[PDB]
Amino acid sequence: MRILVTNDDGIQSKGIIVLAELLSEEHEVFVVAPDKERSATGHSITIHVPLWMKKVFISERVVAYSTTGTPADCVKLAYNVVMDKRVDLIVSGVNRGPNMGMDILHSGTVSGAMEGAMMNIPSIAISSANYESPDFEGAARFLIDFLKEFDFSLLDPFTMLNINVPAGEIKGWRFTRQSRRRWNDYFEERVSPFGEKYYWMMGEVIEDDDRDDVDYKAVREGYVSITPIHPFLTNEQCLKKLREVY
């Protein structure tokens, strides 16, 4: 009912606008997003300098604000300064491009929802798995239908859903685990006009997951990937063996 919508691409992104519009048809939507494009922002927050907000217009039905902070800052601000600590659901995204595998850690889109999970508020990060030709309306429409069948009592404490939607035809959806999808990075070296070398990061993807129920596999098969994630990074198995040996 009381939904907070945020993103990583900025308040002007079509991805966050269409999402907010559709959700506003049946819910009280507040939009608090960065006042500018963010990329590979990860889960950073702003505590060393002040934060600022400015009223923005998106719809007469939705309350929108842009801020000078990151997606996580936006969630904190929305919760404390705008919504009077009353939020039933946080949806971050309709991001242009996928957020799968280990890239989840560099994702500002996921960090926005994760901020909500850390506060223990049901949250969802949703991305259109096709940077080139995103399908913002289709991903948003999928979410609307998905919410009608999802039982939030089944989403554990401090847990959020990471959703990746195929840009084309959606065959259906699957609950998936995070993959180990990652990148083989390297840099292209170039020279400035003043003779200084600078580096451009590039890379080739690595997809070598043995398991079949991982995020990128559902997505390439035409299914929406839905992964339950939480802010706990302990490697239990390793910890167990370490204690067993020491």
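So that there is no doubt, residue numbering starts at 1 and follows the sequence shown.
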**Request:** Look up the CA B-factors in the entry and say which stretch, 17 to 25 or 234 to 242, has the higher mean.
**Result:** 17 to 25
**Segment of higher mean CA temperature factor, 125 to 133 or 153 to 161** = 125 to 133
**Request:** Between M100, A72, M119, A78, let me know which has the highest C-alpha B-factor in the entry?
**Result:** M119
**Prompt:** Which one of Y186, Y199, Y216, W52 shows the top CA temperature factor in the record?
**Reply:** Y186
**Item:** Chain-wide C-alpha B factor ranking for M1, given as lowest, middle or highest third
**Value:** highest
**Complete:** On the chain's distribution of Cα B-factors, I206 falls within the third called middle
**Fill in**
The third of the chain into which the C-alpha temperature factor of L105 falls is the middle
**Request:** Could you tell me which third, lowest, middle or highest, the C-alpha B-factor of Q178 occupies within its chain?
**Result:** lowest
**Complete:** Of the three thirds of the chain ranked by Cα temperature factor, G138 occupies the middle
